[PDB]
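**Q**
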Amino acid sequence: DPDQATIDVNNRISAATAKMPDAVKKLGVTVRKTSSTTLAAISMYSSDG
Amino acid sequence: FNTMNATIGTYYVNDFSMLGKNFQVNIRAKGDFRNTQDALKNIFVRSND
Numbered sequence: 100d101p102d103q104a105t106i107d108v109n110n111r112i113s114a115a116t117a118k119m120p121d122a123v124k125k126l127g128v129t130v131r132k133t134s135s136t137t138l139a140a141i142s143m144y145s146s147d148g
Numbered sequence: 741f742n743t744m745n746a747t748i749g750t751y752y753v754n755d756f757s758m759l760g761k762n763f764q765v766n767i768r769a770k771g772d773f774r775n776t777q778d779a780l781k782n783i784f785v786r787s788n789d
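Line by line, the protein sequences give chains A and C. Counting from 100, one number per residue, gives the positions in the first sequence under PDB author numbering. Counting from 741, one number per residue, gives the positions in the second sequence under PDB author numbering.
1. Kindly indicate if chain C contains any beta-carbon less than 9 angstroms away from that of residue 118 of chain A.
2. Relative to the alpha-carbon of residue 113 of chain A, which residue among A/102, A/122 and A/127 has its alpha-carbon at the smallest distance?
3. Could you name the residues that DSSP lists as bridge partners for residue 699 of chain C?
4. If contacts are defined as beta-carbon pairs under 8 angstroms, then residue 124 of chain A and residue 105 of chain A qualify, I think. What distance do you get, rounded to the angstrom?
5. Using a Cβ cut-off of 8 angstroms, pull out every chain C residue sitting near residue 121 of chain A, in sequence order please.
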């Protein structure tokens, strides 16, 4: 389950935000669920210039 | 109070990284006083002048 695993990592980041440098705390460690690959790639440009 | 916590208690200052860990900076006092009334004649704090 992506969510059961996600909110299991969360319960370890906040659990270990004590053994943490103070400078990384202020900007906040971010946890998210997203694939390690790339699904697609869009390109936009000017057809004239 | 900042002088008070740094002499009889423990003042958490900041942190530094040594040997791959992250240590806090605590400021205690070595301390070898008779009584507490005698210890109050040994803790100084400057005025605004």
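Each residue gets a CB set at the ideal place from its N, CA and C atoms; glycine is no exception.
**A** Checking against the coordinates, here is how it stands:
1. yes
2. A/127
3. Summary: the structure shown does not reach residue 699 of chain C, with chain C confined to residues 741 through 789, and so no result is reported for it.
4. Contact doesn't hold; Cβ gap of about 21 angstroms is too wide.
5. 754 and 755
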